[PDB]
Amino acid sequence: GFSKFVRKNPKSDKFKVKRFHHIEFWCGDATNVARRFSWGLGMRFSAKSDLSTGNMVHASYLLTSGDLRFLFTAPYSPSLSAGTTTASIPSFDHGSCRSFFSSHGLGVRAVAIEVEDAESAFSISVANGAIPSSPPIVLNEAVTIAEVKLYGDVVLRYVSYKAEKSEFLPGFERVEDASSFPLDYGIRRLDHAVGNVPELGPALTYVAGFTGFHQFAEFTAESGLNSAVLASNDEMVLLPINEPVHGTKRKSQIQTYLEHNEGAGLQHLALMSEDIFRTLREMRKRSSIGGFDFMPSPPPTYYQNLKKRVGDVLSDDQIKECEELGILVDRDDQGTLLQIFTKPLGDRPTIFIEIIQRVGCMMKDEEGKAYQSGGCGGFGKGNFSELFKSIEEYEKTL
Amino acid sequence: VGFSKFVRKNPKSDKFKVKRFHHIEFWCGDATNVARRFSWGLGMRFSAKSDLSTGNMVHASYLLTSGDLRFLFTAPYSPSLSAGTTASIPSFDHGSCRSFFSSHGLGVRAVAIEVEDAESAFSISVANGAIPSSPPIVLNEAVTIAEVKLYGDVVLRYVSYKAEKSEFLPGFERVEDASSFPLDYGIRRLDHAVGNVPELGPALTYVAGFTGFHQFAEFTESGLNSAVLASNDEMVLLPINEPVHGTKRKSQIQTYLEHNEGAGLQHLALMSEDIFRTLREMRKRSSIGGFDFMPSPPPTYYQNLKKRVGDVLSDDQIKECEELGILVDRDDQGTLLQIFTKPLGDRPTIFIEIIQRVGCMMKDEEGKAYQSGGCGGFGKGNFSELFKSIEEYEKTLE
Ligand SMILES: Cc1nnc(NC(=O)c2ccc(C(F)(F)F)n3c(CS(=O)(=O)C(C)C)nnc23)o1
Ligand SMILES: Cc1nnc(NC(=O)c2ccc(C(F)(F)F)n3c(CS(=O)(=O)C(C)C)nnc23)o1
Ligand SMILES: [Co+2]
Ligand SMILES: [Co+2]
């Protein structure tokens with residue numbers, strides 16, 4: 001006499017989508033942000049396109065950890081190139097970069113997904129409502145790149161490889177580890193990438209309309225947001241979108257975002273880790289020496305209630321580690337999610353990072369090996385309530 | 001039975017009482033990431049802040065300090081936050097700051113000096129030809145601040161205290177140690193701050209004209225002519241460089257001017273109490289978010305040291321200079337140890353010098369020990385010594 005959650009997946013992608021490729025931040029200074037993030041997250045300096053490379057238009061530095069690719073880009077003076085261009089990223093434009101950065105501060109310009117063919121992905125998107133940002137451009141007859149608007153001044157970037165490198169894109173030089181111990185805190189890939197918009201409805205119509213991504217449902221049972229999740233056919237590309245819920249006691253954090261960010265844009269990046277305990281131990285140590293800071297931890301009560309909730313999946317010693325590191329735990333139909341959120345990455349209370357680990361949903365593919373289903377454990381919607389619960393209990397125990 | 005003498009003039013012709021270098025303000029796109037990077041790279045503690053979390057709706061400003069050295073990183077918030085000020089720095093302007101950063105990239109906006117009275121300093125300066133930037137403003141009846149143009153978009157900022165704080169300026173909250181045992185690599189104060197301009201003559205005329213700073217002589221191509229302006233006591237030192245055109249190798253000064261979009265501050269020399277300690281600390285962090293250093297001199301350079309400075313430095317101290325790539329020069333009065341970083345941000349503009357001065361220890365009216373300003377000069381000899389050592393190293397391949 002149990003309960004059951006049932007999921008639909010129409011597999012309606014209008015073109016073949018593979019995986020998240022990279023995230024591009026537009027910065028004022030690529031070098032300082034890239035250096036800070038490298039130390040904070042344990043990402044390796046892996047490729048570059050700048051003056052030391054021939055590029056007189058923009059400085060672009062790629063950091064990597066597993067399959068996660070973070071690109072930091074900033075403009076040089078236009079005066080350098082006031083005389084075929086030395087830029088490696090065809091979309092890049094001085095005007096656009098400066099305007100974006102003045103308007104929004106440090107933030108994500110481009111969410112990039114690898115696809116079978118960027119030309120067709122772009123053609124199909126425009127046909128089905130997508131606003132063009134940058135057209136399909138082939139690079140050294142090796143890579144095609146196109147951009148459509150996602151929300152705000154964020155673009156969805158399509159990347160397609162002509163056939164079966166660590167140089168990322170044409171025009172980039174590989175950087176070799178200048179170290180006997182290169183950095184690695186266990187971050188492996190991008191899990192989801194969440195936008196904030198003024199109204200969820202139109203936003204969803206737009207994106208899903210041109211992509212054919214479907215709604216991934218969350219097991220449910222005050223937070224100031226209303227959200228839905230767009231998902232690719234295999235549910236490995238996940239694009240949540242939030243809107244503000246007006247009226248509530250505490251002002252919507254989404255509404256604050258929209259004010260400080262001067263509009264819609266990317267709110268957070270959930271980075272998947274092979275082991276959140278390792279990652280957080282590393283990141284927390286670096287919090288006060290140039291790394292990232294974390295949101296205030298749950299009360300003790302939260303951790304007393306974990307065995308009740310996840311004592312089947314997590315051992316006692318793992319629950320103590322969760323408490324020591326301020327880790328939230330949620331569970332859905334299919335599996336269990338460990339998560340934590342940083343404080344903002346730059347000056348404004350806009351963009352932040354989530355570290356997650358997914359437990360469960362191991363299944364066999366056609367090769368005979370295992371994979372983990374995308375969205376295993378959900379996105380931690382349970383935790384808002386589980387956190388308000390634990391605070392009120394903590395009070396009543398005081 | 002035959003020696004040489006270098007004779008220094010000092011007209012002590014300052015037009016107002018100057019005390020010391022007070023702080024340096026960098027204008028950024030993102031103050032947090034630059035401040036975090038610098039803190040880790042240079043070993044400077046987070047001391048104070050003025051931002052949203054303190055009530056500041058106009059600008060985010062973060063103070064790092066190491067001994068008497070004070071670095072301030074400032075960036076603009078959206079105008080819309082403060083359309084209805086909470087600003088701690090009265091001179092700050094959204095448009096000016098955006099415009100600076102768009103034009104010059106990461107750079108020093110303000111060279112700040114403590115004077116006895118900022119109001120009179122501004123008055124006497126403007127009367128003697130200075131172009132005013134911000135008029136004298138008194139803050140919480142406690143501190144007075146005024147600004148005049150130094151060169152390009154760099155301002156000389158005057159700071160005077162009413163009479164007889166660790167909160168730097170009114171409106172700034174002190175930051176306590178998040179972790180006991182703050183970051184400290186041995187940097188103790190600013191030694192000098194150097195500007196690049198297109199023409200030395202007009203620039204010196206202007207500055208000396210309104211300060212009454214005298215010329216400080218350098219005891220005895222490199223693509224530059226240099227002149228040093230100095231306060232009465234020679235503890236405030238302000239070198240200025242111009243390019244020497246037609247030289248074989250293009251002038252590094254001329255490069256600066258092209259990449260920076262004009263005149264601006266080229267380098268900051270930071271005094272260390274133990275340059276060996278400082279550089280071991282800084283070097284271990286180079287590849288993990290810190291700063292990179294210029295290419296070391298050839299082994300020849302270190303072999304020539306005992307002849308040049310064997311009386312001041314021991315054999316083991318010379319091997320240490322060789323381990324760390326440290327340059328050594330001498331003048332009339334004493335000995336200098338120096339090393340230069342690679343650019344601090346994207347552009348080949350501003351960099352940092354780390355110095356230790358050895359010698360000219362003297363006593364004052366109180367009888368307290370002081371070291372004279374400029375002990376050992378500024379390393380002008382090292383241009384030749386570098387060229388020599390490279391010629392010698394190349395000749396001995398044989
Ligand atoms: C759709 C979708 N995709 N991911 C989600 N949910 C989250 O990321 C999420 C879960 C839980 C929490 C918390 F429990 F900590 F309140 N979140 C928060 C907390 S927060 O203070 O606002 C943020 C500004 C740190 N933000 N996102 C989430 O929804
Ligand atoms: C006055 C005054 N204030 N500072 C100075 N001079 C220097 O700092 C200086 C001395 C020596 C050398 C070197 F030996 F390495 F060539 N410098 C350099 C070398 S560099 O590759 O151009 C720079 C771009 C690192 N830059 N400034 C100096 O003079
Ligand atoms: Co999330
Ligand atoms: Co110098």
# chains A, B, ... in the order shown; residues from 1 in each chain; ligands from 1
>>> select_by_dssp(residues="region 166-279 of chain B", states="strand (DSSP E)", output="JSON, numbers by chain")
{"B": [173, 174, 187, 188, 189, 190, 191, 192, 193, 194, 195, 196, 214, 215, 216, 224, 225, 226, 227, 228, 229, 230, 237, 238, 239, 240, 241, 242, 243, 264, 265, 266, 267, 268, 269, 270, 271, 272]}
>>> residues_around(residues="region 270-284 of chain B", least_positions_apart="3", cutoff="7 Å", atoms="only C-alpha atoms", output="number ranges by chain")
B: 41-42, 185-191, 290-291, 324, 353-356
>>> write_last_selection(atoms="N, CA, C and O atoms", output="tab-separated table (two decimals), in the first residue's frame")
chain	number	residue	atom	x	y	z
B	41	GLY	N	47.84	35.61	-3.44
B	41	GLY	CA	49.10	35.79	-4.16
B	41	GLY	C	50.17	36.57	-3.39
B	41	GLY	O	51.35	36.24	-3.49
B	42	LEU	N	49.76	37.61	-2.63
B	42	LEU	CA	50.68	38.55	-1.98
B	42	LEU	C	50.73	38.32	-0.48
B	42	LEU	O	51.63	38.84	0.17
B	185	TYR	N	53.14	37.29	4.13
B	185	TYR	CA	54.32	36.74	3.48
B	185	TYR	C	55.51	37.68	3.69
B	185	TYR	O	56.59	37.39	3.19
B	186	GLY	N	55.31	38.80	4.40
B	186	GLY	CA	56.42	39.64	4.83
B	186	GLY	C	56.43	41.04	4.21
B	186	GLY	O	57.28	41.86	4.55
B	187	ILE	N	55.49	41.34	3.31
B	187	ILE	CA	55.40	42.67	2.74
B	187	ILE	C	54.93	43.63	3.82
B	187	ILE	O	53.95	43.36	4.52
B	188	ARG	N	55.61	44.78	3.93
B	188	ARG	CA	55.40	45.69	5.04
B	188	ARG	C	54.95	47.09	4.62
B	188	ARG	O	54.30	47.75	5.41
B	189	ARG	N	55.30	47.56	3.41
B	189	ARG	CA	54.88	48.89	2.99
B	189	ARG	C	55.15	49.13	1.52
B	189	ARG	O	55.90	48.41	0.88
B	190	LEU	N	54.52	50.19	1.00
B	190	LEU	CA	54.79	50.65	-0.35
B	190	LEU	C	56.08	51.47	-0.37
B	190	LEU	O	56.25	52.35	0.47
B	191	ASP	N	56.97	51.17	-1.32
B	191	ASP	CA	58.27	51.83	-1.40
B	191	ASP	C	58.25	52.93	-2.46
B	191	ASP	O	58.66	54.05	-2.19
B	290	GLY	N	48.31	32.34	-7.70
B	290	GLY	CA	49.18	33.44	-7.33
B	290	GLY	C	49.69	34.23	-8.54
B	290	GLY	O	49.03	34.37	-9.56
B	291	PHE	N	50.90	34.79	-8.36
B	291	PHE	CA	51.54	35.63	-9.37
B	291	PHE	C	52.74	34.90	-9.98
B	291	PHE	O	53.43	34.13	-9.32
B	324	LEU	N	65.87	32.01	-6.20
B	324	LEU	CA	64.60	32.71	-6.28
B	324	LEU	C	64.55	33.69	-7.45
B	324	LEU	O	63.50	34.30	-7.67
B	353	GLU	N	56.77	44.93	-8.15
B	353	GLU	CA	58.15	44.70	-7.78
B	353	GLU	C	58.21	44.40	-6.29
B	353	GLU	O	57.50	45.03	-5.52
B	354	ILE	N	59.04	43.44	-5.89
B	354	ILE	CA	59.28	43.15	-4.49
B	354	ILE	C	60.72	43.53	-4.17
B	354	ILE	O	61.64	43.09	-4.85
B	355	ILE	N	60.91	44.33	-3.11
B	355	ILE	CA	62.22	44.91	-2.83
B	355	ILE	C	62.58	44.74	-1.35
B	355	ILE	O	61.72	44.64	-0.47
B	356	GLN	N	63.89	44.71	-1.11
B	356	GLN	CA	64.45	44.84	0.22
B	356	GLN	C	65.68	45.73	0.13
B	356	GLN	O	66.59	45.46	-0.65
>>> interface_residues(of="chain B", to="chain A", cutoff="9 Å", atoms="only C-alpha atoms", output="compact mmCIF listing (two decimals) with N, CA and C atoms, in the first residue's frame")
# COMPACT_ATOMS: atom_id res chain seq x y z
N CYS B 28 38.40 48.05 -10.59
CA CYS B 28 38.19 46.75 -11.23
C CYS B 28 36.80 46.69 -11.85
N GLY B 29 36.58 45.59 -12.57
CA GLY B 29 35.24 45.16 -12.92
C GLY B 29 34.60 44.37 -11.77
N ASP B 30 35.40 43.49 -11.13
CA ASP B 30 34.95 42.70 -10.00
C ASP B 30 36.00 42.74 -8.89
N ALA B 31 35.64 43.44 -7.80
CA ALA B 31 36.52 43.70 -6.68
C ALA B 31 36.79 42.43 -5.88
N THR B 32 35.78 41.56 -5.76
CA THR B 32 35.88 40.34 -4.98
C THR B 32 36.96 39.42 -5.54
N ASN B 33 36.85 39.07 -6.83
CA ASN B 33 37.78 38.12 -7.45
C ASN B 33 39.21 38.69 -7.48
N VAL B 34 39.37 39.98 -7.77
CA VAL B 34 40.70 40.57 -7.77
C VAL B 34 41.24 40.59 -6.34
N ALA B 35 40.41 40.99 -5.37
CA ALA B 35 40.85 41.05 -3.98
C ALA B 35 41.24 39.66 -3.47
N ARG B 36 40.47 38.64 -3.83
CA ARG B 36 40.72 37.28 -3.37
C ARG B 36 42.03 36.76 -3.95
N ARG B 37 42.28 37.08 -5.22
CA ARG B 37 43.47 36.65 -5.92
C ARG B 37 44.70 37.31 -5.29
N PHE B 38 44.62 38.64 -5.11
CA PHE B 38 45.73 39.41 -4.56
C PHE B 38 46.02 38.96 -3.13
N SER B 39 44.97 38.72 -2.35
CA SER B 39 45.13 38.34 -0.96
C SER B 39 45.99 37.08 -0.85
N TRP B 40 45.68 36.09 -1.70
CA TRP B 40 46.32 34.78 -1.73
C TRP B 40 47.73 34.87 -2.33
N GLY B 41 47.84 35.61 -3.44
CA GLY B 41 49.10 35.79 -4.16
C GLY B 41 50.17 36.57 -3.39
N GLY B 43 49.75 37.58 0.07
CA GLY B 43 49.68 37.31 1.50
C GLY B 43 49.23 38.54 2.27
N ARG B 45 46.00 40.36 4.43
CA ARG B 45 44.81 40.00 5.18
C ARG B 45 43.65 40.90 4.74
N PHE B 46 42.43 40.33 4.75
CA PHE B 46 41.20 41.08 4.55
C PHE B 46 40.93 41.87 5.83
N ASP B 51 30.36 47.63 1.36
CA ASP B 51 29.60 46.97 0.32
C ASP B 51 28.15 46.83 0.81
N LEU B 52 27.36 46.02 0.10
CA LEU B 52 25.95 45.79 0.42
C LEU B 52 25.77 45.33 1.86
N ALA B 60 31.25 48.37 -4.28
CA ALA B 60 31.88 47.39 -3.40
C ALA B 60 33.37 47.70 -3.28
N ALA B 75 34.70 48.37 -7.16
CA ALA B 75 33.94 48.17 -8.38
C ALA B 75 32.53 48.72 -8.21
N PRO B 76 31.84 49.11 -9.31
CA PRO B 76 30.51 49.71 -9.23
C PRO B 76 29.40 48.66 -9.17
N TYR B 77 28.34 48.94 -8.40
CA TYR B 77 27.10 48.17 -8.46
C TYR B 77 26.24 48.81 -9.55
N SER B 78 25.10 48.16 -9.85
CA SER B 78 24.14 48.75 -10.76
C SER B 78 23.67 50.09 -10.19
N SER B 80 20.86 51.29 -10.55
CA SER B 80 19.46 51.13 -10.20
C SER B 80 19.29 50.84 -8.71
N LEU B 81 20.32 50.30 -8.04
CA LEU B 81 20.20 49.98 -6.63
C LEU B 81 20.04 51.27 -5.82
N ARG B 98 33.40 52.72 -14.58
CA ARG B 98 33.14 51.87 -15.74
C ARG B 98 34.07 52.26 -16.89
N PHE B 101 37.73 51.38 -16.43
CA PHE B 101 38.00 49.96 -16.53
C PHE B 101 37.84 49.47 -17.97
N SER B 102 36.93 50.10 -18.72
CA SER B 102 36.72 49.78 -20.12
C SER B 102 37.93 50.21 -20.95
N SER B 103 38.55 51.31 -20.53
CA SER B 103 39.62 51.94 -21.28
C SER B 103 40.95 51.27 -20.96
N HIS B 104 41.23 51.04 -19.67
CA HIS B 104 42.58 50.71 -19.21
C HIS B 104 42.71 49.27 -18.74
N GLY B 105 41.59 48.60 -18.51
CA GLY B 105 41.62 47.32 -17.82
C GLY B 105 41.98 47.50 -16.35
N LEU B 106 42.20 46.39 -15.66
CA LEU B 106 42.56 46.42 -14.25
C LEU B 106 43.72 47.40 -14.08
N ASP B 177 39.51 38.18 11.80
CA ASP B 177 40.08 36.99 11.18
C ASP B 177 39.02 35.88 11.15
N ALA B 178 38.62 35.50 9.93
CA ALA B 178 37.81 34.32 9.71
C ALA B 178 38.56 33.09 10.23
N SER B 179 39.84 33.00 9.85
CA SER B 179 40.76 32.03 10.43
C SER B 179 41.87 32.77 11.18
N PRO B 182 46.30 35.00 10.15
CA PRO B 182 46.08 35.58 8.83
C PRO B 182 47.23 35.33 7.87
N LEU B 183 47.01 35.76 6.63
CA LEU B 183 47.97 35.55 5.56
C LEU B 183 48.97 36.71 5.61
N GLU B 258 50.37 51.69 -25.34
CA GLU B 258 49.47 51.18 -26.37
C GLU B 258 48.39 50.30 -25.76
N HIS B 259 48.79 49.37 -24.89
CA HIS B 259 47.87 48.44 -24.26
C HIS B 259 46.98 49.13 -23.21
N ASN B 260 47.51 50.15 -22.52
CA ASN B 260 46.79 50.79 -21.43
C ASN B 260 45.84 51.86 -21.97
N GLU B 261 45.97 52.22 -23.25
CA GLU B 261 45.29 53.38 -23.82
C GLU B 261 45.76 54.65 -23.11
N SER B 287 51.47 28.89 -9.53
CA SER B 287 50.69 28.03 -10.40
C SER B 287 49.34 27.63 -9.77
N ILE B 288 49.05 28.11 -8.55
CA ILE B 288 47.82 27.81 -7.85
C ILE B 288 47.11 29.10 -7.48
N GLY B 289 47.09 30.07 -8.40
CA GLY B 289 46.22 31.23 -8.28
C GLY B 289 47.01 32.50 -7.99
N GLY B 290 48.31 32.34 -7.70
CA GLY B 290 49.18 33.44 -7.33
C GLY B 290 49.69 34.23 -8.54
N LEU B 344 49.65 41.88 -13.85
CA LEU B 344 48.73 41.48 -12.80
C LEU B 344 47.40 41.00 -13.39
N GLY B 345 47.03 41.55 -14.55
CA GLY B 345 45.81 41.17 -15.23
C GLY B 345 46.08 40.80 -16.69
N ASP B 346 45.07 41.01 -17.53
CA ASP B 346 45.09 40.54 -18.91
C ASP B 346 46.13 41.31 -19.73
N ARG B 347 46.18 42.62 -19.52
CA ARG B 347 46.98 43.51 -20.34
C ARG B 347 48.42 43.54 -19.85
>>> closest_residue(among="B:243, B:209, B:299, B:170", to="residue 49 (chain B)", atoms="only C-alpha atoms")
B:170
>>> residues_near_ligand(ligand="ligand 3", cutoff="7 Å", atoms="only C-alpha atoms and all ligand atoms", output="PyMOL selection string")
chain A and resi 192+194+270+354+379
>>> write_last_selection(atoms="C-alpha atoms", output="PDB file, in the first residue's frame")
ATOM      1  CA  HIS A 192      22.349  21.611 -14.403  1.00  0.00           C
ATOM      2  CA  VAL A 194      19.520  27.447 -13.778  1.00  0.00           C
ATOM      3  CA  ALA A 270      25.382  22.774 -10.198  1.00  0.00           C
ATOM      4  CA  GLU A 354      26.072  24.342  -6.186  1.00  0.00           C
ATOM      5  CA  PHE A 379      17.163  19.067  -7.332  1.00  0.00           C
TER       6      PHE A 379
END
>>> residues_near_ligand(ligand="ligand 1", cutoff="6 Å", atoms="only C-alpha atoms and all ligand atoms", output="CSV table (one decimal) with C-alpha atoms, in the first residue's frame")
chain,number,residue,atom,x,y,z
A,227,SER,CA,10.3,26.7,-11.4
A,228,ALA,CA,10.2,24.0,-14.1
A,229,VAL,CA,13.0,22.0,-15.6
A,240,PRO,CA,15.9,24.7,-14.9
A,341,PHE,CA,25.6,26.2,-2.2
A,379,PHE,CA,17.2,19.1,-7.3
A,380,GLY,CA,16.6,19.4,-3.6
A,381,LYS,CA,13.1,20.9,-3.4
A,383,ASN,CA,15.3,20.9,1.6
A,384,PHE,CA,13.5,24.3,1.8
>>> residues_near_ligand(ligand="ligand 4", cutoff="9 Å", atoms="only C-alpha atoms and all ligand atoms", output="list in words")
residues 191, 192, 193, 194, 239, 267, 268, 269, 338, 340, 352, 353, 354, 355, 377, 378, 379 and 380 of chain B
>>> write_last_selection(atoms="C-alpha atoms", output="mmCIF file, in the first residue's frame")
data_model
loop_
_atom_site.group_PDB
_atom_site.id
_atom_site.type_symbol
_atom_site.label_atom_id
_atom_site.label_comp_id
_atom_site.auth_asym_id
_atom_site.auth_seq_id
_atom_site.Cartn_x
_atom_site.Cartn_y
_atom_site.Cartn_z
ATOM 1 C CA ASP B 191 58.267 51.831 -1.396
ATOM 2 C CA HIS B 192 57.561 53.616 -4.661
ATOM 3 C CA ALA B 193 54.942 53.900 -7.392
ATOM 4 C CA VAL B 194 55.963 54.472 -11.004
ATOM 5 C CA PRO B 239 59.240 57.729 -10.462
ATOM 6 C CA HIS B 267 54.463 49.303 -11.201
ATOM 7 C CA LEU B 268 54.261 49.246 -7.442
ATOM 8 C CA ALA B 269 57.398 48.423 -5.468
ATOM 9 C CA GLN B 338 64.422 43.276 -6.263
ATOM 10 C CA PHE B 340 59.378 41.766 -10.817
ATOM 11 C CA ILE B 352 54.591 44.407 -9.053
ATOM 12 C CA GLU B 353 58.151 44.700 -7.781
ATOM 13 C CA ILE B 354 59.281 43.145 -4.489
ATOM 14 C CA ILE B 355 62.218 44.908 -2.825
ATOM 15 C CA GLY B 377 68.475 53.234 -5.731
ATOM 16 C CA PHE B 378 65.987 51.466 -7.997
ATOM 17 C CA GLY B 379 68.076 48.901 -9.944
ATOM 18 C CA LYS B 380 69.015 50.990 -13.024
#
